[PDB]
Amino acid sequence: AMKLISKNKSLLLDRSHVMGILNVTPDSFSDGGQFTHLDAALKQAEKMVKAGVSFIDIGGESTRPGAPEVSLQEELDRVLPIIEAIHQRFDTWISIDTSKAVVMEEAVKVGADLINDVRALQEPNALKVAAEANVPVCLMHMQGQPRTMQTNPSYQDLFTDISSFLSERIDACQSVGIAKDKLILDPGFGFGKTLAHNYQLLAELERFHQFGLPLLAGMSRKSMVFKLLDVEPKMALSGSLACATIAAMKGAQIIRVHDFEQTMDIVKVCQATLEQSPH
């Protein structure tokens, strides 16, 4: 089984690890960095640590659609104090969820261990900053148009576009000194895909181990769950747990979720099943 290394920290990926989403959007009575904002984040982080979460994914994207805008400084004011406080208190890995080179750079400086980038280090300066940061990076593939199977166009060709993407990104990473063992692959559930396409990606998720990188599956509360079930994203827990269970049975090494206490239970069930499975 692969070992993931971030400077002095190491994680053996011999099982599915849970990454808990800690969004640090303040409530409507708080500002980033204020006492109540940091307290609320730290209490959530402590619950994640107690539950056995392996990564805390800190993201400064606004989840408040009624807030008009968020300045870069405000985003830094919301992520940097929380990262600093967690880093000083817990050994748990911290992920910074960003595509912005400036946020990557500043976040690693105060203790982030991993960069989770839905733009796969393609923003200006992001590749250079990730190389200097010397931490692992999750690269997400954001497919453009769907591409059907020639032999049965009811289904997708899941591999042509990501193969080209990955070979180019691994080459780019190598060119700035980021070795392939620092990379994690997120195949990119969501982002405009149909329900069929998303569930085909899940159905075939184990085939993505062929690229030789650990897999991150992020399905939690996404439209592939709540539109299938015709519910609001807040009613989507059970469906999200089923997606997490199927991904864990297919060996996804990192499962990125909102509902981390419940997901810790399902990866334990999956690991017990895998331990009693033949080969």
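Sequential numbering from 1, following the sequence displayed.
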Problem - Of 83-91 and 186-194, the stretch whose C-alpha atoms average the higher B-factor in the entry - result: 83-91
Practice task
Read off the CA B-factors in the entry, average them over 268-276 and over 2-10, and name the higher stretch.
Solution key: 2-10
Fill in the blank from the handout: Per the deposited entry, the peak Cα B-factor within the set 238, 63, 36, 253 goes to 63
Problem - Maximum C-alpha temperature factor, selected from 160, 98, 73, 122 - result: 73
Fill in the blank from the handout: Temperature factor at the Cα of residue 226, chain-ranked in thirds, falls in the middle
Handout entry: Position of residue 209 among the chain's modelled residues by C-alpha B-factor, lowest, middle or highest third
Key = lowest
Fill in the blank from the handout: residue 154: CA B-factor among chain residues, third -> middle
Exercise for the section: Using the B-factors in the PDB entry, rank residue 174's C-alpha atom against the chain and give the third, lowest, middle or highest. Expected result: highest
Exercise for the section: Could you tell me which third, lowest, middle or highest, the C-alpha B-factor of residue 102 occupies within its chain? Expected result: highest
